[PDB]
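Before any comments, here is the structure.
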Amino acid sequence: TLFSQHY
Amino acid sequence: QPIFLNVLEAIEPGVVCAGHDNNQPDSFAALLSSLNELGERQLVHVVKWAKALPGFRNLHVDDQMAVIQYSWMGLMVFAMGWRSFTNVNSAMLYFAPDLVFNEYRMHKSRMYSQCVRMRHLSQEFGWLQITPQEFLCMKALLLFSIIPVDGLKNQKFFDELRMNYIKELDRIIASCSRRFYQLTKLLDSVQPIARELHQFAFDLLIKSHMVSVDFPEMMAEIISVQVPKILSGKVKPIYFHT
Ligand SMILES: CC(C)(O)C(=O)Nc1ccc([N+](=O)[O-])c(C(F)(F)F)c1
């Protein structure tokens, strides 16, 4: 995801 | 005094600007584009802030993400409530230095109901004489006030953490016992507002292609994947009072 791809 | 309060002060984010063109007259699209952009920018700051919170790393990672994603609208509303209180005594809504809503903008954004609620939240900071230290500790506990109905991957760690944040709010309060009633009540009231904001944002995402509002990528994603879990009742807030 775009949240877990930057975390 | 505590180590605890030092931390929240130390990690408290700074000024975040929306990037709004205040020289262009107000339109729904422009205002709503600058709020969405602001949203994204503030999300980034909430993430960094969250990860430096005490005991936060104790959580399972996916709980770490989940918790921030679910609670983000609330935390924003809350801090925005304070920013409005401290900077302009709640006469207007201080979304950011370059994005301060007056009633006209309240109406033009089409969020007049929700904005009205938030101005009232701002006023409460005044009415209750909320101190900077009660605000910070309240805000930190907001992050732990909204969870899936079927609990998290490691519920125990979450419960421990939430328990200790309540305690710490209790320490910095101290017939004082009635202070707690009020703050817990004020905290409870953030949820219905965030819920109204969630619906607005959801609905807006859904029509965005057709009202010319631009959604940053991380927004579109959260609003479409996590938010609907809140609006469907899979993810519910934790209320002190019933
Ligand atoms: C997603 C939607 C329209 O952008 C939105 O509610 N954005 C938004 C952005 C910033 C802030 N803020 O406090 O700085 C808030 C709000 F918390 F006030 F409601 C909402």
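In what follows, chains carry the letters A, B, and so on, assigned in the order in which the sequence lines appear, proteins first and then strands, with residues in each chain numbered from 1. Heavy atoms only: backbone and side chains are in, while hydrogens, waters and symmetry mates are out. Both counts, for ligands and for their atoms, begin at 1 and track the order of listing.
Atom numbering of ligand 1 starts at 1 in the shown order; those under 4.0 Å from a heavy atom of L38(B) are 10 (C), 14 (O). Proximity to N36(B) (heavy-atom distance under 4.0 Å) selects the following atoms of ligand 1: 1 (C), 2 (C), 3 (C), 4 (O). Each of the atoms 18 (F), 19 (F) of ligand 1 lies under 4.0 Å from some heavy atom of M118(B). For ligand 1 and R83(B), the ligand atoms under 4.0 Å from any heavy atom of the residue are 12 (N), 13 (O), 14 (O).
An N or O contact shorter than 3.5 Å links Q42(B) to ligand 1 by distance. Looking at ligand 1, you'll find an N or O of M76(B) within less than 3.5 Å of one of its N or O atoms.
The proximity of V77(B) to ligand 1, defined as any non-hydrogen pair under 4.0 Å, involves the side chain as well as the backbone. Of the heavy atoms in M219(B), only side-chain atoms (C-beta onward) come closer than 4.0 Å to ligand 1. Contacts between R41(B) and ligand 1, counted as non-hydrogen atom pairs separated by less than 4.0 Å, are absent for every part of the residue.
Heavy-atom neighbours of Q129(B) CD from other residues, nucleotides or ligands within 6.0 Å: at or below the threshold of 12.
The aromatic rings of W82(B) and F135(B) sit parallel, their planes meeting at an angle under 30°, below the 60° perpendicular limit.
Through direct or relayed side-chain contacts under 4.5 Å between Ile, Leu, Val, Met, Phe, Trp and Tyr, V225(B) connects to no other residue.
Aromatic ring centroids of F101(B) and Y112(B) lie 6.0 Å or more apart. For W127(B) and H120(B), the gap between ring centers is short of 6.0 Å.
In this structure, the protein non-hydrogen atom closest to atom 9 (C) of ligand 1 is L35(B) O, 3.4 Å. Shortest contact from atom 5 (C) of ligand 1 to any protein heavy atom: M73(B) CE, 4.4 Å.
When the side chain to side chain donor-acceptor pair (under 3.5 Å) test is applied to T1(A), the partners found at least two apart in sequence or on another chain are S4(A).
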